[PDB]
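Position in the sequence shown (from 1) plus 684 gives the number in the authors' numbering. Built from N, CA and C at the ideal position, the CB exists for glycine as well. A quick write-up on the structure given underneath.
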Amino acid sequence: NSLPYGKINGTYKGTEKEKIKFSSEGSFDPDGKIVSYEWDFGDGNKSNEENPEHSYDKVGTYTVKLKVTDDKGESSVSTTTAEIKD
């Protein structure tokens with residue numbers, strides 16, 4: 685019955701066109717298992733890797749979302765930012 689806890693380990697920073705390593709380490713479900721991790725990098729791109737690398741084409745500050753869903757189909761969403769400069 686218990687919702688999963690996502691941990692998105694923000695904030696993130698890097699430079700345009702250089703890969704940034706994201707981590708969902710510490711995410712957990714008290715009464716089950718997390719069966720999916722869904723990242724949205726805020727630049728229209730997504731991943732279902734636990735700990736993806738992603739580069740941003742353009743500078744800016746992007747909203748990063750991590751949606752975790754458990755084995756009973758229940759989800760929760762964590763957010764942070766990725767600040768991309770020169």
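A distance below 7 Å separates the beta carbons of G726 and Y746.
Under the rule that a run must span 3 or more residues, the beta strand (DSSP E) segments found entirely inside the region 711-757 read 718-724 and 744-754. Taking the C-beta atoms as reference points, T763 is found nearer than 7 Å to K749. Take the alpha-carbon of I692 and the one of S731: they are about 13 Å apart.
Just so you know, the alpha carbons of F712 and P736 end up roughly 17 Å apart.
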